[PDB]
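Asker: Quick one: the structure is below, and I'll ask about it shortly.
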Amino acid sequence: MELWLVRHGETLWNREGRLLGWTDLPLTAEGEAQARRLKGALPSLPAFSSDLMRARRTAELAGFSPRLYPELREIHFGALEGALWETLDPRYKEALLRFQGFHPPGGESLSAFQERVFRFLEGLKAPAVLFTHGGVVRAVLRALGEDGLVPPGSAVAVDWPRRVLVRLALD
Amino acid sequence: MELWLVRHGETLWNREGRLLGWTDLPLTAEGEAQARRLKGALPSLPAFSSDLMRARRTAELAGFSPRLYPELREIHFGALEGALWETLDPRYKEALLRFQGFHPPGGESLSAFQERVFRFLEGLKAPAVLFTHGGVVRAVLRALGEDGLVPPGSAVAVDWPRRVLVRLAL
Ligand code: NA
Numbered sequence: 001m002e003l004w005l006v007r008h009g010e011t012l013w014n015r016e017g018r019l020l021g022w023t024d025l026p027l028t029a030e031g032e033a034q035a036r037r038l039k040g041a042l043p044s045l046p047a048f049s050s051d052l053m054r055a056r057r058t059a060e061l062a063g064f065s066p067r068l069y070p071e072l073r074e075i076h077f078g079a080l081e082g083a084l085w086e087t088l089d090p091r092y093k094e095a096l097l098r099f100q101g102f103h104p105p106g107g108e109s110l111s112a113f114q115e116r117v118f119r120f121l122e123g124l125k126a127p128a129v130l131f132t133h134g135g136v137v138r139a140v141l142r143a144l145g146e147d148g149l150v151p152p153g154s155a156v157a158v159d160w161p162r163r164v165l166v167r168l169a170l171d
Numbered sequence: 001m002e003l004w005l006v007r008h009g010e011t012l013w014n015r016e017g018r019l020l021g022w023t024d025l026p027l028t029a030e031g032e033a034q035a036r037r038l039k040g041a042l043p044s045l046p047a048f049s050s051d052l053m054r055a056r057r058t059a060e061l062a063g064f065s066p067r068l069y070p071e072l073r074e075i076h077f078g079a080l081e082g083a084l085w086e087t088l089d090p091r092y093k094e095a096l097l098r099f100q101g102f103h104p105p106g107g108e109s110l111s112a113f114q115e116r117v118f119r120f121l122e123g124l125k126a127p128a129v130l131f132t133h134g135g136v137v138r139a140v141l142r143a144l145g146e147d148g149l150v151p152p153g154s155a156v157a158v159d160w161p162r163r164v165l166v167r168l169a170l
C-alpha cells in the first residue's frame, strides 16, 4: 500500500546531536518552517501522527488534522535519552549504525521497536500520510533494503511492504 | 515480500551424511568460514534465526543480531537424529522423498513441521533475513514450485509467497 512517511521538523537536539526519543521537545523556528513547506507537497490522504508534540505540530503546519497514535513514536532511548551521539559508547554507536542489537537500559530494544512499527503499518487499510520520526522512517527504509537517513521535515513514499517510491526533500 | 532464506554453515553431520535436526551441533571451522562469507552479501534487513547453535552462530558471523524463533528449527528427527542417510530404512527414506507424510518415532510429524514453519512465515510483517536449516529452505522452495537444494552456508531470496528472486551459492 502507498504510504507517505514524514520525518518531523528539527528540534534543538538535532543541531546539538543528542538522542531524542520520548523526551517531548518542541520544534524550533526552522523546524516549523520546514513543516509549512510540506503543505501542498503531500497528498491529501488520511493522516496519522505520533502524539509527540514535534510530530503533531509538523502535521498541523503541513495542513493536516491527524489521528494520534503512540505507536508512531521514535524508539524509547531509555537512560540514553538526551545523550550526546559523540560521547555514546562505541557498542551503542555501532548498534545504532548497524541497526541491530540495541537494548538501552530503561528503554526499548530495536527489535521491539521494529515490531511496534511494522505492526502499526500492517494495520493500515488504505493509503495514508504518517507524521513520525527519523527512527521510524529508517526502520522502514532499511527493511526495504535502503539507507534510512532522511533530512528533518522531509518525506518518503513507499509501497509497503515492497519498495520505496519517492524521496521528497524541500529547500 | 522479500525473504532471504539462509542455510546455516556445515557441521560434522553434514559431511558425515547424518540426519541433523534438533541435535544441537556446532559449526565446523569451514562452517564458520562459510558464515563469514555471507557478511558481504546479505542485505541488512530485520533478522530472525532458529535458536539452535549452528544457526545462531551463522547469523552472528554474518554480521546479524537475530530474534530467536524455535519455529525456524529443522524438523525433529526423534530417534532418527544422527542416523546415516545411506543406511536409512527404505520406509523412512521413501517417506522423506515422497513428501506425502512423515513421523519418526520420538520425533515430529511433517504436518507439525509445516504448520510451524508456514505459521511463522505468514506472520512476518516486513522483509527479513532468516537464518535457518535445509529442511526449512526446502519447504519454502517447494512451496514455490522450485527444487529445494541449497548448499550449507548459501542463501535464496524469494518474493513470498510468489517466486524465487535469486540464489546465492558461494
Ligand atoms: Na538417533
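Those sequence lines, one after another, are chains A and B. Going by the authors' numbering, the first residue of the first sequence is number 1, and it counts up by one from there. Going by the authors' numbering, the first residue of the second sequence is number 1, and it counts up by one from there. C-beta: ideal position from N, C-alpha, C; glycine also.
(1) In the DSSP assignment, what are the bridge partners of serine 49 of chain B?
(2) Distance check for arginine 37 of chain A and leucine 170 of chain B, CA to CA, integer angstroms please.
(3) State buried or exposed for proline 26 of chain B, treating a residue as buried only when at least 16 other CB atoms are found within 10 Å of its CB.
(4) Can you tell me where the beta strand (DSSP E) holding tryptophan 13 of chain B begins and where it ends?
(5) Assign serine 65 of chain A to one of two classes, buried (16 or more other C-beta atoms within 10 Å of its C-beta) or exposed (fewer than that).
(6) For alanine 157 of chain B, which three-state DSSP category applies?
(7) By Cβ distance, which residues of its chain are closer than 7 Å to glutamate 71 of chain A, with the 5 residues on each side in sequence left out?
(8) Taking the alpha carbon of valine 140 of chain B as the reference point, which residue from B:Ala128, B:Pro152, B:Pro127, B:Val156 has its own alpha carbon closest?
(9) I'd like to know if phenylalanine 118 of chain A contacts chain B, where contact means its C-beta is closer than 8 Å to some C-beta of that chain.
(10) Counting only the same chain and skipping the five closest in sequence on each side, list residues whose C-beta sits under 7 Å from that of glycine 21 of chain A.
(11) Roughly how many whole angstroms lie between the Cα atoms of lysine 39 of chain A and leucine 61 of chain A?
(12) Please indicate yes or no: does the CB of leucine 80 of chain B lie closer than 7 Å to some heavy atom of ligand 1?
(13) I'd like the span of the alpha helix (DSSP H) that includes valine 6 of chain A, first residue to last.
(14) Does the CB of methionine 1 of chain B have a neighbour CB from chain A at under 8 Å?
(15) Answer with yes or no whether the minimum CB distance from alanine 47 of chain B to chain A is below 8 Å.
(16) Could you give the residue range of the alpha helix (DSSP H) that holds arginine 37 of chain B?
(17) Which residue comes first and which comes last in the alpha helix (DSSP H) that contains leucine 121 of chain B?
(18) Mapping DSSP to helix, strand and coil, what is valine 137 of chain B?
(19) Beta-carbon of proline 161 of chain A versus every beta-carbon of chain B: anything under 8 Å?
(20) Using a 10 Å radius around the Cβ and a threshold of 16 neighbouring Cβ atoms, would you call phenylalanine 99 of chain B buried or exposed?
(21) If you run the structure through DSSP and keep just helix, strand and coil, what is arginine 163 of chain B?
(22) Compute every distance between the C-beta of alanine 59 of chain B and the non-hydrogen atoms of ligand 1, then say whether any falls below 7 Å.
(23) Can you check whether the CB of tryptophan 4 of chain B is closer than 8 Å to the CB of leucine 130 of chain B?
(24) Applying a beta-carbon distance threshold of less than 7 Å, which residues of chain A neighbour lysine 39 of chain B?
(25) Can you tell me whether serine 154 of chain A is buried or exposed, with buried defined as 16 or more other CB within 10 angstroms of its CB?
Answerer: Per the coordinate set shown:
(1) Position 49 of the second sequence, counted from the first residue, corresponds to residue 49 of chain B. B:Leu68, B:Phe131, per the DSSP bridge assignment.
(2) Numbered from its first residue, the second sequence carries residue 170 of chain B at position 170. Numbered from its first residue, the first sequence carries residue 37 of chain A at position 37. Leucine 170 of chain B and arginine 37 of chain A: Cα-Cα distance of roughly 49 Å.
(3) On the second sequence, position 26 is the one that residue 26 of chain B refers to. By the neighbour-count rule (16 or more Cβ atoms within 10 Å), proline 26 of chain B is not buried but exposed.
(4) As a first step, residue 13 of chain B is located in the second sequence; it is residue number 13 there, counting from the start. Per DSSP, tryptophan 13 of chain B is not a residue of any beta strand (DSSP E); the alpha helix (DSSP H) it occupies stretches across 12 to 16.
(5) Here residue 65 of chain A refers to the residue found at position 65 of the first sequence. Exposed.
(6) Along the second sequence, read from residue 1 onward, the residue named residue 157 of chain B stands at position 157. Secondary structure of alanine 157 of chain B (DSSP, three-state): strand.
(7) Stepping through the first sequence from its first residue, residue 71 of chain A is reached at position 71. Around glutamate 71 of chain A: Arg116, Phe120.
(8) As a first step, residue 140 of chain B is located in the second sequence; it is residue number 140 there, counting from the start. Relative to the Cα of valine 140 of chain B, the nearest Cα in the group B:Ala128, B:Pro152, B:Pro127, B:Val156 belongs to B:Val156.
(9) Position 118 of the first sequence, counted from the start, is the residue given in the question as residue 118 of chain A. Chain B, which has a Cβ nearer than 8 Å to the Cβ of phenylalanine 118 of chain A, makes this yes.
(10) If you number the first sequence from 1, residue 21 of chain A lands on position 21. For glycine 21 of chain A, where only same-chain residues beyond five positions count, the Cβ hits under 7 Å are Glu74, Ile75, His76, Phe77, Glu81.
(11) One-based indexing of the first sequence puts residue 39 of chain A at position 39. One-based indexing of the first sequence puts residue 61 of chain A at position 61. Those two C-alpha atoms are separated by around 7 Å.
(12) For this step, residue 80 of chain B is matched to residue 80 along the second sequence. At a cut-off of 7 Å, the beta-carbon of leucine 80 of chain B counts as near ligand 1: some heavy atom of the ligand is closer than that.
(13) Residue 6 of chain A sits at position 6 when you count from the first residue of the first sequence. Counting along the chain, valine 6 of chain A falls outside any alpha helix (DSSP H), though it belongs to the beta strand (DSSP E) covering 2 to 7.
(14) For this step, residue 1 of chain B is matched to residue 1 along the second sequence. Closer than 8 Å: yes.
(15) What you label residue 47 of chain B is simply residue 47 of the second sequence in a count that begins at 1. For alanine 47 of chain B, the closest Cβ of chain A is nearer than 8 Å.
(16) Working through the second sequence from its first residue, we reach residue 37 of chain B at position 37. In the DSSP annotation of this structure, the continuous segment of the alpha helix (DSSP H) that includes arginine 37 of chain B starts and ends at 29 to 38.
(17) Here residue 121 of chain B refers to the residue found at position 121 when the second sequence is read from its first residue. 110 to 123 is the extent of the alpha helix (DSSP H) around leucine 121 of chain B.
(18) Locating residue 137 of chain B in the second sequence gives position 137, counting from the first residue. DSSP places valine 137 of chain B in helix when its eight states are reduced to three.
(19) On the first sequence, position 161 is the one that residue 161 of chain A refers to. Closer than 8 Å: yes.
(20) Translated into positions along the second sequence, residue 99 of chain B becomes position 99. Answer is exposed; the Cβ neighbour count stays below 16.
(21) Position 163 of the second sequence, counted from the first residue, corresponds to residue 163 of chain B. Per DSSP, reduced to three states, the secondary structure at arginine 163 of chain B is strand.
(22) Locating residue 59 of chain B in the second sequence gives position 59, counting from the first residue. For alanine 59 of chain B, the CB stays at least 7 Å from every heavy atom of ligand 1.
(23) To locate residue 130 of chain B, count along the second sequence from 1; it is residue 130. To locate residue 4 of chain B, count along the second sequence from 1; it is residue 4. Contact flag set, yes.
(24) Against the second sequence, residue 39 of chain B aligns to sequence position 39. Those within 7 Å of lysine 39 of chain B in chain A number zero; the least Cβ separation is about 11 Å.
(25) Taking the first residue of the first sequence as position 1, residue 154 of chain A is located at position 154. So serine 154 of chain A counts as buried.
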